[PDB]
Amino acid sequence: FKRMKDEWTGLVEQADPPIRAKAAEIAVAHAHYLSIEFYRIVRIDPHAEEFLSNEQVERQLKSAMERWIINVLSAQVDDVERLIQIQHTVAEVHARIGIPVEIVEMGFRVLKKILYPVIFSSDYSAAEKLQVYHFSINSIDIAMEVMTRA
């Protein structure tokens, strides 16, 4: 945990404050789309659709996915410890139900894929898009590692 906290903290610190601000801006403005786009693409997969069947979970997961994206992409130094606890909780939920790891990680790949066009279509410069995308990818990756290994 100590090593994970330091790395995630370092990721936020080494990320330029205007870049983290723009990443947070991208998150808040498009988290709703990213969540609903995530859900349908995932459910296309037969192995994944069996877990995303009912309407109640849909409304719950979309809201939770939206909150998750906002928390991770708008992460500050103070939020690092809390974010780690969140990934543990999510890991418990996925384990409680019995959702395979390779299916969840496929979702992370889906999430990272649909995030890029949103950043690419943003009003920012090419250099800023690169740094926002870099911070976003590393943040999602470290979050995935914490969730998986928990």
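Note that residue numbering begins at 1 and tracks the sequence as displayed.
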Inset, instruction - Pick between 33 to 41 and 55 to 63: the one whose mean CA B-factor in the entry is higher. - result: 55 to 63
Legend entry - 129 to 137 versus 17 to 25 - greater average Cα B-factor per the deposited record: 17 to 25
Legend entry - Residue selected from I119, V110, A48, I69 by maximal Cα B factor: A48
Legend entry - Among modelled residues of the same chain, the CA temperature factor third for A150: highest
Legend entry - Chain-relative CA temperature factor third for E81: lowest
Inset, instruction - State the tercile, meaning the lowest, middle or highest third, of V104 with respect to the CA B-factors recorded for its chain. - result: highest
Inset, instruction - Can you work out whether the C-alpha temperature factor of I114 puts it in the lowest, middle or highest third of the chain? - result: lowest
